[PDB]
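*Asks:* I'm passing along coords-v4.pdb; it holds PDB, N, CA, C and O atoms and all ligand atoms.
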ATOM      1  N   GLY M   1      60.848  89.002 111.376
ATOM      2  CA  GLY M   1      61.515  87.909 110.693
ATOM      3  C   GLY M   1      62.893  88.292 110.192
ATOM      4  O   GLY M   1      63.524  89.203 110.727
ATOM      5  N   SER M   2      63.362  87.595 109.162
ATOM      6  CA  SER M   2      64.677  87.864 108.592
ATOM      7  C   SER M   2      64.784  89.317 108.137
ATOM      8  O   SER M   2      63.793  90.046 108.110
ATOM      9  N   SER M   3      65.996  89.730 107.778
ATOM     10  CA  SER M   3      66.236  91.096 107.327
ATOM     11  C   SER M   3      67.116  91.109 106.081
ATOM     12  O   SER M   3      68.322  90.875 106.157
ATOM     13  N   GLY M   4      66.504  91.386 104.934
ATOM     14  CA  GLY M   4      67.246  91.426 103.688
ATOM     15  C   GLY M   4      66.755  92.514 102.755
ATOM     16  O   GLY M   4      65.687  92.392 102.154
ATOM     17  N   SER M   5      67.535  93.584 102.633
ATOM     18  CA  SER M   5      67.170  94.702 101.771
ATOM     19  C   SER M   5      68.382  95.585 101.485
ATOM     20  O   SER M   5      69.021  96.097 102.404
ATOM     21  N   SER M   6      68.691  95.759 100.204
ATOM     22  CA  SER M   6      69.827  96.576  99.796
ATOM     23  C   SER M   6      69.578  97.210  98.430
ATOM     24  O   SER M   6      68.549  96.967  97.800
ATOM     25  N   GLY M   7      70.528  98.023  97.980
ATOM     26  CA  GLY M   7      70.393  98.680  96.692
ATOM     27  C   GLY M   7      71.167  97.972  95.597
ATOM     28  O   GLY M   7      70.613  97.644  94.547
ATOM     29  N   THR M   8      72.452  97.735  95.840
ATOM     30  CA  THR M   8      73.303  97.065  94.866
ATOM     31  C   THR M   8      74.620  96.626  95.496
ATOM     32  O   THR M   8      74.935  97.001  96.625
ATOM     33  N   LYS M   9      75.387  95.828  94.759
ATOM     34  CA  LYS M   9      76.671  95.339  95.246
ATOM     35  C   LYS M   9      77.824  96.018  94.514
ATOM     36  O   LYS M   9      78.921  95.468  94.421
ATOM     37  N   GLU M  10      77.567  97.216  93.998
ATOM     38  CA  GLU M  10      78.585  97.969  93.276
ATOM     39  C   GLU M  10      78.566  99.440  93.685
ATOM     40  O   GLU M  10      77.506 100.064  93.751
ATOM     41  N   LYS M  11      79.746  99.988  93.957
ATOM     42  CA  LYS M  11      79.866 101.385  94.358
ATOM     43  C   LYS M  11      78.721 101.786  95.284
ATOM     44  O   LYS M  11      78.061 102.805  95.085
ATOM     45  N   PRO M  12      78.482 100.968  96.319
ATOM     46  CA  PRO M  12      77.419 101.219  97.296
ATOM     47  C   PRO M  12      77.722 102.419  98.188
ATOM     48  O   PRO M  12      76.813 103.125  98.625
ATOM     49  N   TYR M  13      79.004 102.645  98.453
ATOM     50  CA  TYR M  13      79.426 103.758  99.293
ATOM     51  C   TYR M  13      79.342 105.078  98.532
ATOM     52  O   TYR M  13      80.012 105.267  97.517
ATOM     53  N   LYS M  14      78.514 105.989  99.031
ATOM     54  CA  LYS M  14      78.342 107.293  98.401
ATOM     55  C   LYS M  14      78.808 108.412  99.329
ATOM     56  O   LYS M  14      78.391 108.487 100.484
ATOM     57  N   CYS M  15      79.675 109.278  98.815
ATOM     58  CA  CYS M  15      80.197 110.392  99.596
ATOM     59  C   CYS M  15      79.095 111.401  99.909
ATOM     60  O   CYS M  15      78.602 112.094  99.018
ATOM     61  N   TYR M  16      78.713 111.478 101.179
ATOM     62  CA  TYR M  16      77.669 112.398 101.610
ATOM     63  C   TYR M  16      78.167 113.841 101.574
ATOM     64  O   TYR M  16      77.392 114.780 101.753
ATOM     65  N   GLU M  17      79.465 114.007 101.341
ATOM     66  CA  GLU M  17      80.066 115.334 101.282
ATOM     67  C   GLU M  17      79.774 116.005  99.943
ATOM     68  O   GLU M  17      79.319 117.148  99.893
ATOM     69  N   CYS M  18      80.040 115.286  98.858
ATOM     70  CA  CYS M  18      79.808 115.809  97.517
ATOM     71  C   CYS M  18      78.741 114.994  96.792
ATOM     72  O   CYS M  18      77.903 115.543  96.078
ATOM     73  N   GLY M  19      78.779 113.678  96.981
ATOM     74  CA  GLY M  19      77.811 112.808  96.339
ATOM     75  C   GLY M  19      78.466 111.759  95.463
ATOM     76  O   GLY M  19      77.800 111.110  94.655
ATOM     77  N   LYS M  20      79.774 111.592  95.620
ATOM     78  CA  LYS M  20      80.521 110.615  94.836
ATOM     79  C   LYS M  20      80.164 109.193  95.258
ATOM     80  O   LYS M  20      79.334 108.987  96.143
ATOM     81  N   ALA M  21      80.798 108.214  94.620
ATOM     82  CA  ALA M  21      80.550 106.813  94.931
ATOM     83  C   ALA M  21      81.853 106.021  94.973
ATOM     84  O   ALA M  21      82.870 106.451  94.429
ATOM     85  N   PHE M  22      81.815 104.862  95.623
ATOM     86  CA  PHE M  22      82.994 104.011  95.737
ATOM     87  C   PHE M  22      82.600 102.587  96.120
ATOM     88  O   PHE M  22      81.710 102.377  96.944
ATOM     89  N   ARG M  23      83.271 101.613  95.513
ATOM     90  CA  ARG M  23      82.991 100.207  95.788
ATOM     91  C   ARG M  23      83.172  99.897  97.271
ATOM     92  O   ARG M  23      82.334  99.236  97.885
ATOM     93  N   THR M  24      84.273 100.378  97.840
ATOM     94  CA  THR M  24      84.566 100.150  99.250
ATOM     95  C   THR M  24      84.705 101.469 100.002
ATOM     96  O   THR M  24      84.479 102.541  99.442
ATOM     97  N   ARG M  25      85.080 101.382 101.274
ATOM     98  CA  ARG M  25      85.249 102.570 102.103
ATOM     99  C   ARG M  25      86.588 103.244 101.819
ATOM    100  O   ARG M  25      86.640 104.431 101.499
ATOM    101  N   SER M  26      87.668 102.479 101.941
ATOM    102  CA  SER M  26      89.007 103.003 101.702
ATOM    103  C   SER M  26      89.038 103.862 100.441
ATOM    104  O   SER M  26      89.588 104.962 100.439
ATOM    105  N   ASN M  27      88.440 103.350  99.369
ATOM    106  CA  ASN M  27      88.399 104.068  98.102
ATOM    107  C   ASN M  27      87.583 105.352  98.229
ATOM    108  O   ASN M  27      87.809 106.319  97.502
ATOM    109  N   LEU M  28      86.636 105.353  99.160
ATOM    110  CA  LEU M  28      85.787 106.518  99.386
ATOM    111  C   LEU M  28      86.511 107.565 100.225
ATOM    112  O   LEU M  28      86.745 108.686  99.773
ATOM    113  N   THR M  29      86.865 107.192 101.451
ATOM    114  CA  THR M  29      87.563 108.099 102.354
ATOM    115  C   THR M  29      88.725 108.789 101.650
ATOM    116  O   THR M  29      88.854 110.013 101.694
ATOM    117  N   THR M  30      89.571 107.997 100.999
ATOM    118  CA  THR M  30      90.724 108.532 100.285
ATOM    119  C   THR M  30      90.340 109.754  99.459
ATOM    120  O   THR M  30      91.175 110.615  99.181
ATOM    121  N   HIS M  31      89.071 109.825  99.069
ATOM    122  CA  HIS M  31      88.576 110.944  98.275
ATOM    123  C   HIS M  31      87.955 112.012  99.170
ATOM    124  O   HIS M  31      88.029 113.204  98.871
ATOM    125  N   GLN M  32      87.345 111.576 100.268
ATOM    126  CA  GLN M  32      86.711 112.497 101.205
ATOM    127  C   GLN M  32      87.728 113.479 101.775
ATOM    128  O   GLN M  32      87.362 114.504 102.351
ATOM    129  N   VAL M  33      89.008 113.159 101.614
ATOM    130  CA  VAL M  33      90.079 114.013 102.114
ATOM    131  C   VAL M  33      89.927 115.441 101.600
ATOM    132  O   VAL M  33      90.286 116.400 102.285
ATOM    133  N   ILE M  34      89.393 115.575 100.390
ATOM    134  CA  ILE M  34      89.192 116.886  99.786
ATOM    135  C   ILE M  34      88.259 117.745 100.632
ATOM    136  O   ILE M  34      88.340 118.974 100.613
ATOM    137  N   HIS M  35      87.374 117.090 101.377
ATOM    138  CA  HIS M  35      86.426 117.794 102.233
ATOM    139  C   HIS M  35      86.979 117.943 103.648
ATOM    140  O   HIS M  35      86.440 118.697 104.460
ATOM    141  N   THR M  36      88.055 117.219 103.937
ATOM    142  CA  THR M  36      88.679 117.268 105.253
ATOM    143  C   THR M  36      89.741 118.361 105.317
ATOM    144  O   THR M  36      90.736 118.315 104.595
ATOM    145  N   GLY M  37      89.523 119.342 106.188
ATOM    146  CA  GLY M  37      90.471 120.431 106.330
ATOM    147  C   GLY M  37      91.600 120.097 107.285
ATOM    148  O   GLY M  37      91.570 119.062 107.952
ATOM    149  N   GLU M  38      92.597 120.972 107.349
ATOM    150  CA  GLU M  38      93.742 120.762 108.229
ATOM    151  C   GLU M  38      93.897 121.923 109.206
ATOM    152  O   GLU M  38      93.382 123.017 108.976
ATOM    153  N   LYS M  39      94.611 121.678 110.300
ATOM    154  CA  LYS M  39      94.837 122.701 111.313
ATOM    155  C   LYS M  39      94.963 124.081 110.675
ATOM    156  O   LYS M  39      94.336 125.041 111.122
ATOM    157  N   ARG M  40      95.775 124.170 109.627
ATOM    158  CA  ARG M  40      95.983 125.433 108.928
ATOM    159  C   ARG M  40      94.840 125.711 107.956
ATOM    160  O   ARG M  40      94.937 125.413 106.766
ATOM    161  N   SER M  41      93.756 126.281 108.473
ATOM    162  CA  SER M  41      92.592 126.594 107.652
ATOM    163  C   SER M  41      92.979 127.493 106.481
ATOM    164  O   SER M  41      93.778 128.416 106.631
ATOM    165  N   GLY M  42      92.405 127.214 105.315
ATOM    166  CA  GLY M  42      92.701 128.005 104.135
ATOM    167  C   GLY M  42      91.784 129.203 103.993
ATOM    168  O   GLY M  42      91.152 129.644 104.954
ATOM    169  N   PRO M  43      91.703 129.752 102.773
ATOM    170  CA  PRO M  43      90.860 130.915 102.481
ATOM    171  C   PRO M  43      89.373 130.581 102.536
ATOM    172  O   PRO M  43      88.528 131.475 102.589
ATOM    173  N   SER M  44      89.061 129.289 102.526
ATOM    174  CA  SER M  44      87.674 128.837 102.572
ATOM    175  C   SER M  44      87.246 128.547 104.006
ATOM    176  O   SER M  44      88.079 128.436 104.905
ATOM    177  N   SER M  45      85.938 128.425 104.213
ATOM    178  CA  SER M  45      85.395 128.152 105.539
ATOM    179  C   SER M  45      85.919 126.824 106.077
ATOM    180  O   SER M  45      86.344 126.731 107.227
ATOM    181  N   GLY M  46      85.884 125.795 105.233
ATOM    182  CA  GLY M  46      86.358 124.486 105.640
ATOM    183  C   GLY M  46      85.271 123.431 105.577
ATOM    184  O   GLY M  46      85.183 122.722 104.576
TER     185      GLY M  46
HETATM  186 ZN    ZN W 101      83.203 113.785  98.197
END
Could you write out this structure as structure tokens?
Ligand SMILES: [Zn+2]
*Replies:*
Amino acid sequence: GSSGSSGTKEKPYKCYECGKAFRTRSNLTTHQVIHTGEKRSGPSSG
């Protein structure tokens, strides 16, 4: 039958990288950048 099941309509997006939250995606990704490395790898694994 129909399909209706969710958790909430607020900060539904949760960063699987650290565990943060965000109302939308843009607001989330913009933060996920901290987990995104660049060509020039730093002292950390990445
Ligand atoms: Zn995060």
*Asks:* Rank M:8, M:33, M:46, M:18 by their smallest atom-to-atom distance to ligand ZN 101 (chain W), using all atoms listed in the file, and report the top residue only.
*Replies:*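 With all atoms listed in the file as the atom set, the closest residue is M:18.
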*Asks:* Residues of chain M in alpha helix (DSSP H) according to DSSP, as a list in words?
*Replies:*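 The alpha helix (DSSP H) residues within chain M come out as residues 26, 27, 28, 29, 30, 31 and 32 of chain M.
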*Asks:* Given a cut-off of 7 Å, what residues near ligand ZN 101 (chain W) show up using all atoms listed in the file, put as a PyMOL selection string?
*Replies:* chain M and resi 15-20+28+31-35
*Asks:* So how many Å separate CA of residue 6 in chain M and CA of residue 29 in chain M, to one decimal?
*Replies:*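 It comes out at 21.3 Å.
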*Asks:* List the spatial neighbours of residue 13 in chain M as JSON, numbers by chain - criterion: any atom at most 5 Å away, all atoms listed in the file, same-chain residues fewer than 4 positions off excluded.
*Replies:* {"M": [20, 21, 22, 23]}
*Asks:* CA of residue 27 in chain M and CA of residue 11 in chain M are how many Å apart?
*Replies:*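 We find that CA of residue 27 in chain M and CA of residue 11 in chain M lie 9.7 Å from each other.
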*Asks:* Determine which residues of chain M receive a DSSP assignment of strand (DSSP E or B), computed from the backbone, and state them as a list in words.
*Replies:*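 Output for chain M, strand (DSSP E or B) only: residues 13, 14, 21 and 22 of chain M.
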*Asks:* Hey, can you spit out that residue selection with N, CA, C and O atoms as a CSV table (one decimal), in the frame of the given file?
*Replies:*
chain,number,residue,atom,x,y,z
M,13,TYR,N,79.0,102.6,98.5
M,13,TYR,CA,79.4,103.8,99.3
M,13,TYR,C,79.3,105.1,98.5
M,13,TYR,O,80.0,105.3,97.5
M,14,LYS,N,78.5,106.0,99.0
M,14,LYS,CA,78.3,107.3,98.4
M,14,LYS,C,78.8,108.4,99.3
M,14,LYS,O,78.4,108.5,100.5
M,21,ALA,N,80.8,108.2,94.6
M,21,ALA,CA,80.6,106.8,94.9
M,21,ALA,C,81.9,106.0,95.0
M,21,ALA,O,82.9,106.5,94.4
M,22,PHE,N,81.8,104.9,95.6
M,22,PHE,CA,83.0,104.0,95.7
M,22,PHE,C,82.6,102.6,96.1
M,22,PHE,O,81.7,102.4,96.9
*Asks:* Give me the box for range 16-35 of chain M as JSON, namely the centre and edge lengths in Å to one decimal of a box along x, y and z that holds every listed atom plus 5 Å on each side.
*Replies:*
{"center_x": 84.3, "center_y": 109.1, "center_z": 99.4, "size_x": 23.8, "size_y": 29.7, "size_z": 20.0}
